[PDB]
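Data first, discussion second: the structure below is written as structure tokens.
For the numbers below, each heavy atom of this structure counts, side chains included, while hydrogens, waters and symmetry mates do not. Reminder, nothing fancy here: chain letters follow the sequence lines and each chain counts from 1.
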Amino acid sequence: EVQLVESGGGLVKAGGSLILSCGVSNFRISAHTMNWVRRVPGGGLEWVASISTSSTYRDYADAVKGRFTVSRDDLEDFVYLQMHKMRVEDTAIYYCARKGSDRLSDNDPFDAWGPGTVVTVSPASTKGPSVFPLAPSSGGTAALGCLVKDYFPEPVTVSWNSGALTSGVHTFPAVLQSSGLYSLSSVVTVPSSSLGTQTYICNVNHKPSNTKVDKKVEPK
Amino acid sequence: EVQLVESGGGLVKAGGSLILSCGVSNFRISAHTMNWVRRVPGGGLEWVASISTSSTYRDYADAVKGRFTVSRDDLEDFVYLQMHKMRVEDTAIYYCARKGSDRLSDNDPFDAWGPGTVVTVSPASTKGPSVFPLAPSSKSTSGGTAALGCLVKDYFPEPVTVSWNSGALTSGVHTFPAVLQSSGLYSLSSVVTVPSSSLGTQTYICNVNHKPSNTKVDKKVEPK
Amino acid sequence: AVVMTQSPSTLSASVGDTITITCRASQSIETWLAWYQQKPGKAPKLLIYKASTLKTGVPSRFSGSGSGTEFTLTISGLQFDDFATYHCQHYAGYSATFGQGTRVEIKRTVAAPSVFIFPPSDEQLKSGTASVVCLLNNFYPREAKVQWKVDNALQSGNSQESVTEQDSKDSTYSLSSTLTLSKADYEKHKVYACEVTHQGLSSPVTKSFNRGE
Amino acid sequence: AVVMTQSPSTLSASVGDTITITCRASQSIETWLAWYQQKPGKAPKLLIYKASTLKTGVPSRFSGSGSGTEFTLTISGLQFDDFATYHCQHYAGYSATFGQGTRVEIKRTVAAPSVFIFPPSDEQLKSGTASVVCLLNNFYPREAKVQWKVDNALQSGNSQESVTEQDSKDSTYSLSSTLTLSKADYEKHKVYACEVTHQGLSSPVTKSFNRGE
Ligand SMILES: O=C(O)[C@@]1(O)C[C@@H](O)[C@@H](O[C@H]2O[C@H](CO[C@H]3O[C@H](CO)[C@@H](O)[C@H](O)[C@@H]3O)[C@@H](O)[C@H](O[C@H]3O[C@H](CO)[C@@H](O)[C@H](O)[C@@H]3O[C@H]3O[C@H](CO)[C@@H](O)[C@H](O)[C@@H]3O[C@H]3O[C@H](CO)[C@@H](O)[C@H](O)[C@@H]3O)[C@@H]2O)[C@@H]([C@H](O)CO)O1
Ligand SMILES: O=C(O)[C@@]1(O)C[C@@H](O)[C@@H](O[C@H]2O[C@H](CO[C@H]3O[C@H](CO)[C@@H](O)[C@H](O)[C@@H]3O)[C@@H](O)[C@H](O[C@H]3O[C@H](CO)[C@@H](O)[C@H](O)[C@@H]3O[C@H]3O[C@H](CO)[C@@H](O)[C@H](O)[C@@H]3O[C@H]3O[C@H](CO)[C@@H](O)[C@H](O)[C@@H]3O)[C@@H]2O)[C@@H]([C@H](O)CO)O1
């Protein structure tokens with residue numbers, strides 16, 4: 001009868017954050033010290049955190065101190081685990097577990113566990129953009145630009161010709177692709193009669209990954 | 001200066017779950033009713049949930065009743081929002097917001113807000129695999145045996161089943177545990193060792209079933 | 001269960017103008033009404049509560065009035081810093097409801113977009129992906145629609161777009177739409193078109209190209 | 001902050017055997033010790049607590065003993081369902097420590113893997129990605145080392161492995177390693193190799209191919 005179930009597992013990039021929750025059935029958490037435990041890919045279990053009745057004591061594994069917070073919600077029977085500054089070695093299956101026995105004592109084993117929720121921390125905490133030309137080709141007025149694609153996290157900055165070119169420039173809000181990476185475009189309108197004479201170069205900077213990219217946009 | 005900061009936003013699959021937290025600086029949440037509000041793509045704000053002092057009352061927008069839960073932690077000053085059975089129209093920026101004023105009353109406006117965290121629910125709950133042959137060649141042939149297989153890549157979620165020649169070929173088959181890529185999609189391989197003498201005479205086809213997307217693919221794996 | 005209706009949805013005006021935003025409640029809420037200002041990508045900011053009380057730090061050009069079911073936010077002498085979205089809000093002890101929001105923008109004459117379409121660069125194609133971009137440049141007002149057609153079949157679920165904030169100099173907007181396909185699908189088809197609908201046009205505009213050319 | 005050391009890490013046995021897993025604590029923990037069984041993909045199960053108390057429902061073939069610093073879990077008459085991982089645990093009021101776990105597996109003779117390599121398919125390559133697959137077939141024991149080398153340069157951070165569970169028929173394991181590169185990266189190199197080290201192999205086996213054949 002007594003059950004627990006964890007929610008919130010997912011894929012996160014190094015340095016990112018993820019919050020897990022745990023619900024129960026057929027008992028109240030109020031009288032129980034609640035625990036988080038994880039099974040790392042090697043196969044061993046690691047105790048992660050504990051929160052006592054009334055939240056009087058919250059205790060953490062050294063490996064997660066300063067980065068994880070456990071909370072409890074007695075009125076609705078939930079326990080939470082916040083994970084920040086996450087690292088590759090946080091990759092594991094996370095279980096919610098209660099200390100319990102037919103009669104509660106000052107020190108009981110983990111008698112009930114949830115099925116677990118999978119947490120994965122991918123190693124790269126950033127990724128620099130790929131830049132592609134948007135090549136020109138309405139007369140008199142031409143439009144060209146750069147497509148800044150597949151980067152993370154925000155922001156990028158875009159200048160044109162190291163900044164000498166500011167008029168007619170539009171740098172668009174980035175969009176978040178289904179891939180979880182960002183993409184944006186920067187475009188400029190110029191005299192249809194400067195393409196091939198005037199050089200056009202978009203200057204992309206992605207501070208988070210110390211990446212700088214200059215790209216010549218030519219006709220065709 | 002009072003501050004609030006949300007954590008936990010990201011990309012979620014329809015049907016999925018996501019939990020947000022909210023932490024504060026330069027005040028204690030205990031005397032304050034705390035709220036969650038979201039700005040939808042159309043630009044309007046939507047009240048999502050509220051939790052009173054002492055957690056005496058929790059209230060929810062009808063659109064989320066039954067799927068969201070709000071919780072508070074007065075001792076360390078956090079507020080939580082659990083989001084389950086997520087829908088595309090849950091897509092929005094989520095803000096944590098304090099109900100308050102210079103001196104509290106039974107009914108104050110939202111006087112301090114977090115910067116917001118972006119939550120995006122994709123319409124696709126599922127994605128079907130690409131299947132590529134692991135063709136037998138001189139590099140996977142030795143003596144009396146040849147190995148061949150299929151690489152089943154970029155699907156979501158687990159599981160997929162793999163059969164060879166519709167179940168006729170079972171001896172020697174190994175279908176490996178799927179692995180999760182940094183892209184958030186799974187991939188796995190299924191391989192089988194067969195007599196080298198049979199390539200060119202026996203046809204070999206991997207039957208891939210991704211039930212979650214109700215997708216089936218039959219892939220003929222041939223030399224070279 | 002109190003529905004808050006804000007009007008208008010967009011209010012175009014000029015610096016120096018006095019403007020009025022109305023908020024209506026489906027039933028009496030006495031003076032339990034607040035107004036917030038929000039700029040793109042920033043948190044809402046409380047301006048007025050109890051219908052007419054200004055928060056500390058809110059300039060005196062902002063005022064609010066009303067009770068029961070009809071409320072008004074007034075801005076006397078619009079400044080540049082004031083162009084933003086305004087949200088009214090009924091607040092109760094343990095719940096709240098918001099109006100749809102009102103975007104206050106700079107008024108100018110209608111302007112049709114200039115439209116451009118860009119095929120994928122050969123480089124990107126080589127890496128397996130094909131992003132086609134459609135640009136709608138310097139149009140007004142902000143509402144515009146983009147429909148992608150591939151060999152004349154309307155697309156859906158495979159495009160995203162973003163719109164710039166109102167231009168500082170000519171008060172126009174621009175929009176960028178990206179249609180994304182695998183290299184495989186892209187090569188299955190010949191005609192890629194972006195069709196743009198906007199009040200500045202007498203009818204929808206199409207820009208297209210044939211793959212390969 | 002107690003260190004718990006199980007022994008052995010892998011325990012190879014046959015059905016009907018009587019086997020003993022040891023758990024040592026780096027300092028005395030009286031009898032505050034529990035044993036858990038866990039099967040792949042499933043939740044840990046409490047078997048024994050306070051060093052020797054059997055949880056109701058647990059078959060009498062499971063038996064726990066010990067105190068202070070040394071503890072044993074004994075299974076008398078090992079049955080097929082007992083093949084699993086076992087974890088000892090020091091439990092205190094507000095924290096716990098686990099051992100590294102002991103996986104109990106079916107005993108068999110050492111068996112070298114057969115190694116096969118698969119270049120990326122032309123179809124995938126065209127789509128912009130190169131997966132190179134190294135297959136280690138039917139080996140024992142489970143411990144194997146696989147290293148990728150691209151033009152003699154050892155690779156790190158760009159491969160993933162998957163190991164099968166013990167084979168129902170020959171008690172062997174099989175393993176797959178996938179090296180993933182962008183088409184562009186993949187095309188910058190010539191020789192791709194996987195080097196396999198294993199206790200049953202006299203020396204390492206290296207399988208290789210040249211990109212382009
Ligand atoms: O409020 C009171 O009733 C009381 O006045 C009772 C007093 O006795 C006293 O409680 C303190 O001392 C108690 C007894 O201490 C002595 O006898 C104990 C044997 O009964 C012995 O172990 C101990 O060393 C000593 O010799 C303790 O039991 C009290 O500890 C409980 O309460 C505090 C909160 O004040 C908790 O922090 C403790 O973890 C513990 O609560 C847990 O155990 C009790 C049962 O013993 C449960 O009822 C309770 O729900 C909780 O159980 C959960 O947590 C434990 C530990 O993780 C798990 O093993 C369980 O499975 C549950 O998950 C306290 O020290 C006074 C105090 O002075 C202040 O009130 O309180
Ligand atoms: O000593 C006590 O605590 C006391 O004895 C005080 C008693 O008055 C009584 O409290 C109840 O009655 C109070 C007065 O109610 C009457 O007058 C009010 C006008 O001032 C009127 O609105 C009301 O309808 C009635 O006519 C109420 O103020 C009390 O309500 C407060 O306390 C209860 C808990 O008992 C909370 O659940 C309420 O939400 C409210 O607390 C909130 O407001 C007060 C300020 O008045 C804050 O101090 C408190 O931190 C909290 O503030 C936060 O939440 C509100 C609402 O979301 C926001 O608007 C704020 O910005 C904050 O976010 C109560 O009904 C008795 C009780 O009967 C039992 O003790 O308590």
Side-chain angles (χ1 to χ4, degrees), chain B residues 1-6 33-53 55-63 65 70 88 93-102 104-118 120 122-124 130 154, chain C residues 1-6 9-10 29-51 53-57 64 84-103 105 128 142-143 156-158 160-163 182 184:
Chain B
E1 54 294 40
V2 166
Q3 255 131 15
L4 289 82
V5 59
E6 300 81 7
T33 288
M34 297 297 288
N35 291 266
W36 288 96
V37 178
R38 62 186 186 187
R39 191 184 202 178
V40 300
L45 293 183
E46 286 185 354
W47 173 75
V48 176
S50 114
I51 183 168
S52 74
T53 53
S55 294
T56 307
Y57 312 106
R58 309 184 200 218
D59 299 90
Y60 300 88
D62 277 16
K65 211 180 299 192
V70 59
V88 172
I93 300 156
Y94 285 81
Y95 313 87
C96 170
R98 167 178 95 171
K99 203 170 167 73
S101 201
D102 299 292
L104 305 184
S105 69
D106 284 18
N107 195 31
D108 299 317
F110 297 1
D111 67 349
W113 302 60
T117 179
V118 175
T120 292
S122 70
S130 303
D154 298 344
Chain C
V2 170
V3 164
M4 301 302 301
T5 300
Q6 203 167 332
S9 293
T10 294
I29 54 180
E30 303 186 273
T31 57
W32 307 119
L33 186 106
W35 293 97
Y36 301 82
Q37 174 190 73
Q38 186 175 24
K39 277 114 179 297
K42 296 295 187 259
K45 193 201 170 315
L46 173 63
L47 298 187
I48 291 170
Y49 64 105
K50 200 82 173 306
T53 300
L54 276 66
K55 213 58 183 167
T56 308
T85 296
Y86 296 86
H87 301 288
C88 68
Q89 184 215 29
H90 169 226
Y91 56 94
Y94 311 102
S95 63
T97 65
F98 291 91
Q100 52 277 47
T102 300
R103 193 168 51 88
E105 69 172 348
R142 207 185 89 101
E143 295 67 51
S156 316
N158 53 4
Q160 301 183 281
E161 62 176 43
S162 72
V163 175
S182 62

* Side chain C:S95, main chain B:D59, donor-acceptor under 3.5 Å -> no
* Asked: Using non-hydrogen atoms only, which part of C:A96 is less than 4.5 Å away from chain B: side chain, backbone, both, or neither?
  -> both
* Structure fact -> Rounded to the nearest 0.5 Å, the OH atom of C:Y94 sits from the NZ atom of B:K99 at a distance of 9.0 Å
* Is the side chain of B:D106 donor-acceptor paired with the backbone N or O of C:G93 at a distance under 3.5 Å, no angle test? -> no
* **Proximity breakdown for C:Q100 and chain B, heavy-atom pairs closer than 4.5 Å** => backbone
* Taking the inter-plane angle between the rings of B:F110 and C:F98 on a 0 to 90° scale, is it parallel (under 30°), tilted (30 to 60°) or perpendicular (over 60°)? -> perpendicular
* CG on B:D111 to OH on C:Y36, rounded to 0.5 Å -> 8.5 Å
* To do: With a 4.5 angstrom heavy-atom cut-off, could you sort out which part of B:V118 is near chain C: side chain, backbone, both or neither?
  => neither
* To do: Using non-hydrogen atoms and a 4.5 Å limit, figure out which bit of B:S122 sits close to chain C: side chain, backbone, both or neither.
  => neither
* Asked: Is C:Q89 close to B:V37 at the side-chain level, that is, under 4.5 Å between some pair of heavy atoms?
  -> no
* Asked: Does some side-chain heavy atom of C:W32 sit less than 4.5 Å from a side-chain heavy atom of B:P109?
  -> no
* Partner residues of B:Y60 under the ring-ring contact (aromatic ring centres under 6.0 Å, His included) criterion, sequence neighbours left out -> none
* Asked: Heavy-atom distance under 4.5 Å to chain B: side chain of C:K45, backbone, both or neither?
  -> neither
* How many angstroms lie between atom NE2 of C:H87 and atom CZ of B:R39, to the nearest 0.5 angstrom? -> 4.5 Å
* Structure fact -> dist C:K50:NZ -> B:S101:OG (nearest 0.5 Å) comes out at 10.0 Å
* Minimum heavy-atom distance between B:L45 and C:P44, given as atom pair plus value -> CD1-CG, 3.9 Å
* To do: Kindly check if the number of other-residue, nucleotide or ligand heavy atoms within 6.0 Å of NZ (C:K42) is above 12?
  => no
* To do: Could you tell me whether the side chain of B:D108 reaches within less than 4.5 Å of the side chain of C:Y49, counting heavy atoms only?
  => no
* Counting heavy-atom pairs under 4.5 Å to chain B, which of C:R103, C:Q38, C:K55 comes out on top? -> C:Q38
* With respect to chain C, which residue among B:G116, B:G42, B:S50 yields the maximal number of heavy-atom pairs within a distance under 4.5 Å? -> B:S50
